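Written below as structure tokens is the structure these notes are about.
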Amino acid sequence: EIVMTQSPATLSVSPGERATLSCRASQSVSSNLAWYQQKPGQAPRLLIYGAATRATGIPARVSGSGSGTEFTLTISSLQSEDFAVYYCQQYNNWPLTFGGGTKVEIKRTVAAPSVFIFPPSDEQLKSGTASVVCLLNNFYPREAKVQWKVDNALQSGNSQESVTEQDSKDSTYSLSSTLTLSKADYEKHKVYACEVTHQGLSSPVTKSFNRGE
Amino acid sequence: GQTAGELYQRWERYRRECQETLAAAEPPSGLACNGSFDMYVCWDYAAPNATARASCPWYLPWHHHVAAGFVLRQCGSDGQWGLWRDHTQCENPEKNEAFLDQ
Amino acid sequence: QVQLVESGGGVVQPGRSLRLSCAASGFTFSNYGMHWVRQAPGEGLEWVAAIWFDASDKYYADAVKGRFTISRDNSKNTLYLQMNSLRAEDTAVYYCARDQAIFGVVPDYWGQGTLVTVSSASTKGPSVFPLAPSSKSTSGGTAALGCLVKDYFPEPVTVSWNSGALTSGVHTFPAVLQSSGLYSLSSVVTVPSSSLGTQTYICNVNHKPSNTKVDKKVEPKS
């Protein structure tokens with residue numbers, strides 16, 4: 001198959017600025033290349049075909065260029081609707097292949113997260129399990145690291161993270177990390193701490209509670 | 001060495017030939033079905049109640065084996081094309097979807 | 001104008017078969033090729049298959065070679081995808097898409113997709129647990145609270161707050177797939193601390209596949 005590789009994985013652009021996206025084919029695809037846009041929760045959307053021909057309804061601010069193995073999608077001035085994921089796709093030969101995608105996000109100043117922690121509810125404990133939730137609210141950029149400790153024991157493999165889409169109100173992200181213990185294990189320990197490292201924090205932030213307090 | 005890019009490029013050239021051909025043709029005096037491209041073949045203007053015919057399109061990979069074939073479509077009495085289209089004369093001589101799926 | 005609606009999505013056990021269909025309207029179905037494209041949750045677009053306007057030829061991605069079969073019934077304006085020997089990594093939203101021409105080279109208009117879940121898990125409604133506001137969830141004059149929607153299958157669930165009356169600052173996180181094969185997610189919302197004594201906060205959870213509706217009140221703990 002013809003391997004399509006897009007760069008970068010994430011492009012941070014200020015509103016009204018130009019976004020320049022790159023797509024590379026592992027071998028020549030001539031001008032048989034298309035570009036697509038996809039918002040979360042929505043179906044993909046044809047933008048460019050023939051490497052440079054806009055589909056109907058595509059504004060002039062979207063332009064495509066390139067031939068052979070190197071292509072470029074350019075949106076000269078990003079509006080609110082332009083922040084999305086963009087895919088390239090070759091149709092030089094079957095099987096057709098898509099690039100991995102490039103996410104175009106809203107650039108803003110660095111914002112540190114607000115860190116909150118939630119012990120398990122008594123209702124869940126009576127069912128035999130204990131979920132501990134660490135919440136990171138309204139931060140930027142998206143990159144963040146969370147580490148769980150239970151009485152200074154590093155917890156590895158028993159937590160899962162989820163991240164929201166970027167909130168265009170303040171251009172921030174929110175993240176949840178959920179640590180799952182058994183009821184017996186939860187009641188054998190006292191100090192439950194999640195540690196957060198983020199570019200907006202001079203040093204890592206610890207948020208903890210002591211079981212019973 | 002048939003690629004998707006070449007076949008699509010040849011189809012696009014056929015479509016362009018159809019546009020130019022229809023643009024140069026003077027429309028007829030009375031009622032007639034309009035000359036049009038149906039994504040597959042170029043249709044000339046046709047008389048009402050007449051069966052239009054169109055040569056098998058040249059972009060087909062197997063066109064040399066169906067060069068003397070014709071696509072068929074009916075022009076309605078009111079000057080509107082019928083929906084039925086027969087391109088059996090333009091099919092690949094080795095057509096068999098059941099074994100293609102196998 | 002162009003309308004494509006997919007059908008036949010749902011839960012299938014590993015190794016079993018499933019067939020999707022797509023009904024087209026707003027254009028002459030017999031004049032266009034068609035495509036299938038899939039997208040795993042959180043992942044990118046992956047081409048699956050395409051077919052000529054008259055089914056003269058069919059094309060498949062390496063990942064599905066020997067297992068999937070694309071076909072069409074032009075008289076019923078329907079496209080099909082027959083999927084055999086399904087595996088867990090076949091879980092995805094499956095898109096129906098019209099070709100720009102007659103061969104299957106450029107999907108130019110897409111449907112909304114249908115979710116296919118390949119798993120041995122049993123259908124199950126979630127338990128809904130409160131994420132109570134406290135001093136550990138407070139910042140300034142606001143407090144964070146939410147609901148833990150745990151151990152359900154399959155996707156999706158929907159969460160609202162106060163029967164839809166509370167919508168700003170609501171973060172309903174994408175679900176995660178647990179090692180048990182059951183899903184779990186959390187929905188959180190930021191709220192003025194001064195309203196915690198009088199304003200009720202209830203998360204409305206609906207899990208249609210299991211016929212489970214739950215309203216869970218969330219309040220500060222004793």
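Within each chain, counting starts at residue 1; across the structure tokens, chains are named A, B, ... in the order shown, with ligands numbered 1 upward in that order.
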
Please identify every residue of chain A that has at least one atom no farther than 6 Å from an atom of chain C, counting only C-alpha atoms, and for each give the shortest atom pair and the distance in Å to one decimal, arranged by chain then increasing number, as CSV.
residue,atom,partner,partner_atom,distance
A:43,CA,C:112,CA,5.6
A:46,CA,C:108,CA,5.6
A:91,CA,C:105,CA,5.5
A:95,CA,C:61,CA,5.4
A:100,CA,C:44,CA,6.0
A:116,CA,C:137,CA,4.7
A:117,CA,C:136,CA,5.7
A:162,CA,C:173,CA,6.0
A:164,CA,C:173,CA,5.5

Let me see the file: selected residues, C-alpha atoms, as a tab-separated table (two decimals), in the first residue's frame.
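Generated file (result_12.tsv):
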chain	number	residue	atom	x	y	z
A	43	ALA	CA	-18.85	13.21	9.22
A	46	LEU	CA	-14.25	16.87	1.08
A	91	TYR	CA	-6.19	7.71	-5.14
A	95	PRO	CA	-6.06	0.27	-2.07
A	100	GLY	CA	-2.91	9.69	9.96
A	116	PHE	CA	-9.50	18.28	42.17
A	117	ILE	CA	-9.87	14.83	43.71
A	162	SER	CA	-9.98	10.69	29.28
A	164	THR	CA	-12.41	16.48	26.43

Quiz prompt | Residues of chain B within 9 Å of chain A, only C-alpha atoms counted, as a ChimeraX atom specification | solution = /B:2-6,8

Exercise. Run DSSP on the backbone and give me the residues of range 46-202 of chain A it puts in alpha helix (DSSP H), as a ChimeraX atom specification.
Key: /A:122-126,183-186

Quiz item: Could you write out as JSON, numbers by chain the residues of chain C within 10 Å of chain B, counting only C-alpha atoms?
Solution: {"C": [28, 30, 31, 32, 33, 53, 54, 55, 56, 57, 58, 66, 68, 69, 70, 71, 100, 101, 102, 103, 104, 105, 106]}

For N, CA, C and O atoms, I'd like the residues from the last selection saved as a compact mmCIF listing (two decimals), in the first residue's frame.
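Here's the written file again-v6.txt:
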# COMPACT_ATOMS: atom_id res chain seq x y z
N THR C 28 -28.88 10.13 -8.21
CA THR C 28 -29.13 8.92 -8.98
C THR C 28 -28.11 7.87 -8.57
O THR C 28 -26.95 7.90 -8.99
N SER C 30 -27.50 4.80 -9.27
CA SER C 30 -26.87 3.96 -10.28
C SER C 30 -25.80 4.68 -11.09
O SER C 30 -25.12 4.02 -11.89
N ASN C 31 -25.63 5.99 -10.92
CA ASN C 31 -24.64 6.74 -11.67
C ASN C 31 -23.34 6.96 -10.91
O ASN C 31 -22.44 7.64 -11.42
N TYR C 32 -23.19 6.40 -9.70
CA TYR C 32 -22.03 6.69 -8.87
C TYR C 32 -21.48 5.42 -8.24
O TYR C 32 -22.23 4.52 -7.87
N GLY C 33 -20.16 5.36 -8.12
CA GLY C 33 -19.54 4.39 -7.24
C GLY C 33 -19.81 4.73 -5.79
O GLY C 33 -20.38 5.77 -5.45
N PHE C 53 -19.98 1.77 -10.18
CA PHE C 53 -21.39 2.14 -10.28
C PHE C 53 -22.27 0.94 -10.62
O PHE C 53 -23.43 0.88 -10.19
N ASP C 54 -21.73 -0.02 -11.37
CA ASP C 54 -22.47 -1.21 -11.79
C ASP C 54 -21.87 -2.49 -11.23
O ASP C 54 -22.18 -3.58 -11.72
N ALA C 55 -21.01 -2.37 -10.21
CA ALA C 55 -20.36 -3.51 -9.56
C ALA C 55 -19.44 -4.27 -10.51
O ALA C 55 -19.20 -5.47 -10.32
N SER C 56 -18.91 -3.58 -11.52
CA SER C 56 -17.97 -4.21 -12.44
C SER C 56 -16.72 -4.71 -11.72
O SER C 56 -16.16 -5.74 -12.08
N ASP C 57 -16.28 -3.98 -10.70
CA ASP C 57 -15.10 -4.35 -9.94
C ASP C 57 -15.26 -3.86 -8.51
O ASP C 57 -16.07 -2.98 -8.23
N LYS C 58 -14.49 -4.46 -7.61
CA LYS C 58 -14.53 -4.16 -6.19
C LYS C 58 -13.10 -4.07 -5.67
O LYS C 58 -12.21 -4.79 -6.14
N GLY C 66 -10.13 -10.79 2.10
CA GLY C 66 -10.56 -12.14 2.40
C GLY C 66 -11.69 -12.26 3.40
O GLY C 66 -12.16 -13.38 3.64
N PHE C 68 -14.25 -9.22 4.02
CA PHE C 68 -15.36 -8.32 3.74
C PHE C 68 -15.77 -8.41 2.27
O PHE C 68 -14.94 -8.68 1.40
N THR C 69 -17.05 -8.16 2.01
CA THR C 69 -17.60 -8.18 0.66
C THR C 69 -18.54 -7.00 0.49
O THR C 69 -19.58 -6.94 1.15
N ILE C 70 -18.19 -6.09 -0.41
CA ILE C 70 -19.03 -4.93 -0.72
C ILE C 70 -19.91 -5.28 -1.92
O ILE C 70 -19.49 -6.02 -2.82
N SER C 71 -21.14 -4.77 -1.92
CA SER C 71 -22.08 -5.04 -3.00
C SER C 71 -23.19 -3.99 -2.97
O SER C 71 -23.26 -3.17 -2.06
N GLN C 100 -16.90 10.26 -6.03
CA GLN C 100 -16.97 11.42 -6.91
C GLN C 100 -17.27 11.01 -8.35
O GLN C 100 -17.86 11.79 -9.11
N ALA C 101 -16.87 9.80 -8.74
CA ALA C 101 -17.13 9.30 -10.08
C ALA C 101 -17.83 7.95 -10.03
O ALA C 101 -18.72 7.74 -9.20
N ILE C 102 -17.42 7.02 -10.89
CA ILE C 102 -18.11 5.75 -11.05
C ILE C 102 -17.26 4.56 -10.64
O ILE C 102 -17.72 3.42 -10.74
N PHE C 103 -16.03 4.78 -10.16
CA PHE C 103 -15.10 3.70 -9.88
C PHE C 103 -14.87 3.45 -8.40
O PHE C 103 -14.63 2.30 -8.01
N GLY C 104 -14.93 4.49 -7.57
CA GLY C 104 -14.54 4.36 -6.18
C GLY C 104 -13.13 4.85 -5.95
O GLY C 104 -12.23 4.05 -5.67
N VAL C 105 -12.93 6.16 -6.05
CA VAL C 105 -11.60 6.75 -5.92
C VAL C 105 -11.59 7.89 -4.91
O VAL C 105 -10.60 8.11 -4.21
N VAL C 106 -12.70 8.63 -4.83
CA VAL C 106 -12.78 9.80 -3.95
C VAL C 106 -14.15 9.85 -3.28
O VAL C 106 -15.15 10.18 -3.95

Quiz prompt | Residues near residue 212 in chain C, cut-off 10 Å, only C-alpha atoms, skip fewer than 3 positions along chain, as JSON, numbers by chain | solution = {"C": [124, 125, 126, 127, 152, 157, 205, 206, 207, 208, 209]}

Self-check item: Members of range 17-190 of chain C assigned strand (DSSP E or B) by DSSP, as a PyMOL selection string
Solution: chain C and resi 18-25+34-39+45-51+58-60+68-73+78-83+92-99+107-110+114-118+124+127-131+138-139+142-153+158-161+166+170-172+176-177+183-190

Quiz item: How many Å lie between CA of residue 74 in chain B and CA of residue 34 in chain B, rounded to one decimal?
Solution: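 The value is 12.0 Å.
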
Could you list, with a cut-off of 10 Å and counting only C-alpha atoms, the residues of range 46-148 of chain A near range 191-205 of chain A, each shown with its nearest atom pair and the distance in Å rounded to one decimal, rows sorted by chain and ascending number, as CSV?
residue,atom,partner,partner_atom,distance
A:109,CA,A:200,CA,9.5
A:110,CA,A:200,CA,5.8
A:111,CA,A:200,CA,5.5
A:112,CA,A:200,CA,4.2
A:113,CA,A:200,CA,7.6
A:114,CA,A:205,CA,9.6
A:115,CA,A:196,CA,7.8
A:116,CA,A:194,CA,9.2
A:117,CA,A:194,CA,7.8
A:118,CA,A:192,CA,9.9
A:119,CA,A:192,CA,8.5
A:132,CA,A:192,CA,8.4
A:133,CA,A:194,CA,8.9
A:134,CA,A:194,CA,6.5
A:135,CA,A:194,CA,9.4
A:136,CA,A:196,CA,8.4
A:139,CA,A:200,CA,8.1
A:140,CA,A:200,CA,7.8
A:141,CA,A:199,CA,7.6
A:142,CA,A:198,CA,9.0
A:143,CA,A:198,CA,7.0
A:144,CA,A:198,CA,5.1
A:145,CA,A:197,CA,5.3
A:146,CA,A:196,CA,4.8
A:147,CA,A:195,CA,5.1
A:148,CA,A:194,CA,4.6

The selected residues should be written to file as a short mmCIF file (atom, residue, chain, number, x, y, z; two decimals), in the first residue's frame (atoms: N, CA and C atoms).
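Writing the result to part_22.cif gives the following:
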data_model
loop_
_atom_site.label_atom_id
_atom_site.label_comp_id
_atom_site.auth_asym_id
_atom_site.auth_seq_id
_atom_site.Cartn_x
_atom_site.Cartn_y
_atom_site.Cartn_z
N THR A 109 -2.24 31.25 25.44
CA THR A 109 -1.17 31.25 26.43
C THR A 109 -1.27 29.99 27.29
N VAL A 110 -0.18 29.69 27.99
CA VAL A 110 -0.17 28.52 28.87
C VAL A 110 -1.11 28.77 30.04
N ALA A 111 -1.91 27.76 30.37
CA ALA A 111 -2.83 27.82 31.50
C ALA A 111 -2.68 26.55 32.32
N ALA A 112 -2.34 26.70 33.60
CA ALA A 112 -2.20 25.55 34.47
C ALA A 112 -3.57 24.98 34.84
N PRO A 113 -3.66 23.68 35.09
CA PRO A 113 -4.94 23.09 35.47
C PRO A 113 -5.31 23.36 36.92
N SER A 114 -6.62 23.35 37.17
CA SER A 114 -7.16 23.24 38.51
C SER A 114 -7.31 21.76 38.83
N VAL A 115 -6.70 21.31 39.92
CA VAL A 115 -6.64 19.90 40.26
C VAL A 115 -7.61 19.62 41.40
N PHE A 116 -8.54 18.69 41.17
CA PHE A 116 -9.50 18.28 42.17
C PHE A 116 -9.48 16.76 42.29
N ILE A 117 -9.88 16.26 43.46
CA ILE A 117 -9.87 14.83 43.71
C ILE A 117 -11.19 14.43 44.36
N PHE A 118 -11.65 13.22 44.03
CA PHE A 118 -12.93 12.71 44.50
C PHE A 118 -12.72 11.32 45.09
N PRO A 119 -12.97 11.12 46.38
CA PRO A 119 -12.95 9.76 46.94
C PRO A 119 -14.11 8.94 46.40
N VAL A 132 -11.42 6.16 42.46
CA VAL A 132 -10.89 7.46 42.88
C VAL A 132 -10.66 8.28 41.61
N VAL A 133 -11.15 9.51 41.60
CA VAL A 133 -11.12 10.35 40.40
C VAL A 133 -10.30 11.60 40.69
N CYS A 134 -9.31 11.85 39.84
CA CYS A 134 -8.54 13.09 39.82
C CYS A 134 -8.95 13.88 38.59
N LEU A 135 -9.36 15.13 38.78
CA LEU A 135 -9.86 15.96 37.70
C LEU A 135 -8.93 17.14 37.47
N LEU A 136 -8.51 17.31 36.22
CA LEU A 136 -7.71 18.46 35.78
C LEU A 136 -8.58 19.32 34.88
N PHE A 139 -7.02 23.56 31.25
CA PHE A 139 -5.59 23.76 31.10
C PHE A 139 -5.19 23.77 29.63
N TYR A 140 -4.00 24.31 29.37
CA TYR A 140 -3.41 24.35 28.04
C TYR A 140 -1.91 24.49 28.19
N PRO A 141 -1.10 23.77 27.40
CA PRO A 141 -1.51 22.85 26.33
C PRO A 141 -2.05 21.51 26.82
N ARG A 142 -2.37 20.64 25.87
CA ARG A 142 -3.04 19.38 26.18
C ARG A 142 -2.13 18.42 26.96
N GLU A 143 -0.82 18.53 26.78
CA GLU A 143 0.11 17.58 27.39
C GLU A 143 0.10 17.72 28.91
N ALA A 144 -0.18 16.61 29.59
CA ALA A 144 -0.17 16.58 31.05
C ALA A 144 0.14 15.16 31.51
N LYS A 145 0.68 15.05 32.72
CA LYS A 145 1.06 13.77 33.30
C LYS A 145 0.46 13.65 34.69
N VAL A 146 -0.19 12.52 34.95
CA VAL A 146 -0.83 12.24 36.23
C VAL A 146 -0.26 10.94 36.77
N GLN A 147 0.11 10.94 38.05
CA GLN A 147 0.63 9.75 38.72
C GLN A 147 -0.10 9.55 40.04
N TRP A 148 -0.52 8.31 40.29
CA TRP A 148 -1.27 7.95 41.49
C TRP A 148 -0.36 7.28 42.51
#

Quiz item: residue 60 in chain A: which residues within 12 Å, counting only C-alpha atoms, same-chain residues fewer than 2 positions away excluded, as a PyMOL selection string?
Solution: chain A and resi 47-48+52-58+62-64+74-78

With N, CA, C and O atoms retained, could you export that selection as a PDB file, in the first residue's frame?
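Generated output (again.pdb):
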ATOM      1  N   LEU A  47     -12.593  18.633   0.883  1.00  0.00           N
ATOM      2  CA  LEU A  47     -12.103  19.990   0.667  1.00  0.00           C
ATOM      3  C   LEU A  47     -11.420  20.160  -0.679  1.00  0.00           C
ATOM      4  O   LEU A  47     -11.780  21.049  -1.459  1.00  0.00           O
ATOM      5  N   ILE A  48     -10.427  19.324  -0.959  1.00  0.00           N
ATOM      6  CA  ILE A  48      -9.562  19.451  -2.123  1.00  0.00           C
ATOM      7  C   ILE A  48      -9.499  18.094  -2.804  1.00  0.00           C
ATOM      8  O   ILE A  48      -9.504  17.058  -2.134  1.00  0.00           O
ATOM      9  N   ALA A  52      -5.175  20.280  -5.847  1.00  0.00           N
ATOM     10  CA  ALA A  52      -5.343  21.730  -5.826  1.00  0.00           C
ATOM     11  C   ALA A  52      -6.730  22.222  -6.214  1.00  0.00           C
ATOM     12  O   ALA A  52      -6.938  23.439  -6.221  1.00  0.00           O
ATOM     13  N   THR A  53      -7.683  21.350  -6.534  1.00  0.00           N
ATOM     14  CA  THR A  53      -9.012  21.773  -6.960  1.00  0.00           C
ATOM     15  C   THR A  53      -9.969  21.711  -5.775  1.00  0.00           C
ATOM     16  O   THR A  53     -10.148  20.650  -5.167  1.00  0.00           O
ATOM     17  N   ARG A  54     -10.587  22.843  -5.455  1.00  0.00           N
ATOM     18  CA  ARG A  54     -11.527  22.903  -4.346  1.00  0.00           C
ATOM     19  C   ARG A  54     -12.862  22.286  -4.731  1.00  0.00           C
ATOM     20  O   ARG A  54     -13.364  22.489  -5.841  1.00  0.00           O
ATOM     21  N   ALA A  55     -13.437  21.528  -3.802  1.00  0.00           N
ATOM     22  CA  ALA A  55     -14.789  21.035  -3.978  1.00  0.00           C
ATOM     23  C   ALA A  55     -15.773  22.204  -3.941  1.00  0.00           C
ATOM     24  O   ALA A  55     -15.440  23.324  -3.543  1.00  0.00           O
ATOM     25  N   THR A  56     -17.001  21.936  -4.375  1.00  0.00           N
ATOM     26  CA  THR A  56     -18.023  22.974  -4.387  1.00  0.00           C
ATOM     27  C   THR A  56     -18.376  23.380  -2.961  1.00  0.00           C
ATOM     28  O   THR A  56     -18.556  22.528  -2.087  1.00  0.00           O
ATOM     29  N   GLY A  57     -18.466  24.687  -2.725  1.00  0.00           N
ATOM     30  CA  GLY A  57     -18.752  25.210  -1.407  1.00  0.00           C
ATOM     31  C   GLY A  57     -17.540  25.452  -0.536  1.00  0.00           C
ATOM     32  O   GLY A  57     -17.702  25.859   0.622  1.00  0.00           O
ATOM     33  N   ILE A  58     -16.335  25.223  -1.052  1.00  0.00           N
ATOM     34  CA  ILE A  58     -15.100  25.418  -0.298  1.00  0.00           C
ATOM     35  C   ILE A  58     -14.589  26.832  -0.548  1.00  0.00           C
ATOM     36  O   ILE A  58     -14.385  27.217  -1.709  1.00  0.00           O
ATOM     37  N   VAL A  62      -9.035  28.299   1.582  1.00  0.00           N
ATOM     38  CA  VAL A  62      -8.476  26.951   1.582  1.00  0.00           C
ATOM     39  C   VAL A  62      -7.792  26.720   0.241  1.00  0.00           C
ATOM     40  O   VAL A  62      -8.420  26.853  -0.815  1.00  0.00           O
ATOM     41  N   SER A  63      -6.511  26.369   0.277  1.00  0.00           N
ATOM     42  CA  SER A  63      -5.759  26.112  -0.942  1.00  0.00           C
ATOM     43  C   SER A  63      -4.890  24.879  -0.756  1.00  0.00           C
ATOM     44  O   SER A  63      -4.364  24.637   0.334  1.00  0.00           O
ATOM     45  N   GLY A  64      -4.748  24.104  -1.826  1.00  0.00           N
ATOM     46  CA  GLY A  64      -3.913  22.920  -1.816  1.00  0.00           C
ATOM     47  C   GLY A  64      -2.882  22.983  -2.926  1.00  0.00           C
ATOM     48  O   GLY A  64      -3.125  23.555  -3.991  1.00  0.00           O
ATOM     49  N   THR A  74      -3.295  24.661   2.873  1.00  0.00           N
ATOM     50  CA  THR A  74      -3.115  25.956   3.512  1.00  0.00           C
ATOM     51  C   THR A  74      -4.462  26.639   3.669  1.00  0.00           C
ATOM     52  O   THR A  74      -5.227  26.744   2.706  1.00  0.00           O
ATOM     53  N   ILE A  75      -4.752  27.092   4.884  1.00  0.00           N
ATOM     54  CA  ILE A  75      -5.906  27.935   5.156  1.00  0.00           C
ATOM     55  C   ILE A  75      -5.360  29.276   5.628  1.00  0.00           C
ATOM     56  O   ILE A  75      -4.821  29.379   6.739  1.00  0.00           O
ATOM     57  N   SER A  76      -5.497  30.302   4.784  1.00  0.00           N
ATOM     58  CA  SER A  76      -4.743  31.538   4.965  1.00  0.00           C
ATOM     59  C   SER A  76      -5.137  32.287   6.232  1.00  0.00           C
ATOM     60  O   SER A  76      -4.298  32.978   6.822  1.00  0.00           O
ATOM     61  N   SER A  77      -6.391  32.179   6.664  1.00  0.00           N
ATOM     62  CA  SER A  77      -6.842  32.885   7.863  1.00  0.00           C
ATOM     63  C   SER A  77      -7.901  32.030   8.542  1.00  0.00           C
ATOM     64  O   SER A  77      -9.026  31.922   8.044  1.00  0.00           O
ATOM     65  N   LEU A  78      -7.545  31.433   9.679  1.00  0.00           N
ATOM     66  CA  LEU A  78      -8.426  30.472  10.328  1.00  0.00           C
ATOM     67  C   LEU A  78      -9.605  31.167  10.994  1.00  0.00           C
ATOM     68  O   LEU A  78      -9.432  32.115  11.766  1.00  0.00           O
TER      69      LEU A  78
END

Quiz item: Could you pull the residues within 9 Å of range 20-25 of chain B, counting only C-alpha atoms, minus those fewer than 6 positions along the same chain, as JSON, numbers by chain?
Solution: {"B": [35, 36, 42, 43, 44, 45]}

Export, as a PDB file, in the first residue's frame, the selected residues with N, CA and C atoms.
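Result went into part_15.pdb, see below:
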ATOM      1  N   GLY B  35     -29.189  16.992 -24.348  1.00  0.00           N
ATOM      2  CA  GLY B  35     -27.896  16.330 -24.322  1.00  0.00           C
ATOM      3  C   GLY B  35     -27.259  16.455 -22.948  1.00  0.00           C
ATOM      4  N   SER B  36     -26.701  15.349 -22.462  1.00  0.00           N
ATOM      5  CA  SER B  36     -26.256  15.316 -21.077  1.00  0.00           C
ATOM      6  C   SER B  36     -25.253  14.193 -20.866  1.00  0.00           C
ATOM      7  N   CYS B  42     -21.774   9.958 -22.765  1.00  0.00           N
ATOM      8  CA  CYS B  42     -22.296  11.205 -23.305  1.00  0.00           C
ATOM      9  C   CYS B  42     -23.534  10.915 -24.140  1.00  0.00           C
ATOM     10  N   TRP B  43     -24.621  11.622 -23.850  1.00  0.00           N
ATOM     11  CA  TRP B  43     -25.869  11.489 -24.590  1.00  0.00           C
ATOM     12  C   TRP B  43     -26.078  12.721 -25.457  1.00  0.00           C
ATOM     13  N   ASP B  44     -26.307  12.498 -26.746  1.00  0.00           N
ATOM     14  CA  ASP B  44     -26.706  13.571 -27.638  1.00  0.00           C
ATOM     15  C   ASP B  44     -28.182  13.899 -27.418  1.00  0.00           C
ATOM     16  N   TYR B  45     -28.614  15.031 -27.969  1.00  0.00           N
ATOM     17  CA  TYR B  45     -30.038  15.337 -27.984  1.00  0.00           C
ATOM     18  C   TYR B  45     -30.798  14.200 -28.656  1.00  0.00           C
TER      19      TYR B  45
END

Quiz prompt | Neighbour list for residue 84 in chain A as an NGL selection string, cut-off 10 Å, only C-alpha atoms, skip fewer than 2 positions in-chain | solution = :A and (37-40 or 80-82 or 86 or 102-106)

Quiz item: Between CA of residue 69 in chain B and CA of residue 29 in chain B, what is the spacing in Å?
Solution: 29.1 Å
